[PDB]
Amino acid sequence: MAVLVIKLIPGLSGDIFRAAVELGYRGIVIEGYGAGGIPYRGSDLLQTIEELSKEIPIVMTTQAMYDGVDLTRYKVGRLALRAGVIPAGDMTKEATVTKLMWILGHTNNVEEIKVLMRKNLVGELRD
């Protein structure tokens, strides 16, 4: 049901994600930089996500208009993968959000949700 979309900016504290989960948000989308990744230098972000990414799905999209996300390209990216973050591939922000909400209506299992988000359902994704 309820999904929260947060734009990754510098100095962003992972405490808001904690509050989100408390509030009962069932999915979180992080709109990050470029190909993707989570800051670990001087923020508790990556740590916090390591925790929450197993309770609710945490999806990484990009702020940039085109080409989409690839967490394997850089180390900040690869770390986020390890942290349990679900990448949004080349999906639009709107296809990502709505796909998430849709999947959430059907399951709450983060591993299923992860398989689903990575699967091309209707043409939203190049998998």
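Under this definition, the rigid core comprises the largest set of C-alpha atoms superposing within 1.5 Å between the forms. In case it trips you up, residue 1 is the first one in the sequence shown, and so on.
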Item to complete: Between 35-43 and 58-66, report the one with more C-alpha displacement in 5 other deposited structures of this protein relative to this form after a rigid core superposition.
Response: 35-43
Worksheet item: If you average the Cα B factors in the entry, which is higher, 85-93 or 38-46?
Response: 38-46
Response to the item:
Comparing 29-37 with 50-58, the higher average Cα temperature factor in the PDB entry belongs to 50-58
Fill in: Third of the chain's Cα B-factor distribution that residue 6 belongs to, per the entry
lowest
Discussion item. How does the C-alpha B factor of residue 99 compare with the rest of the chain: lowest, middle or highest third?
Written reply: lowest
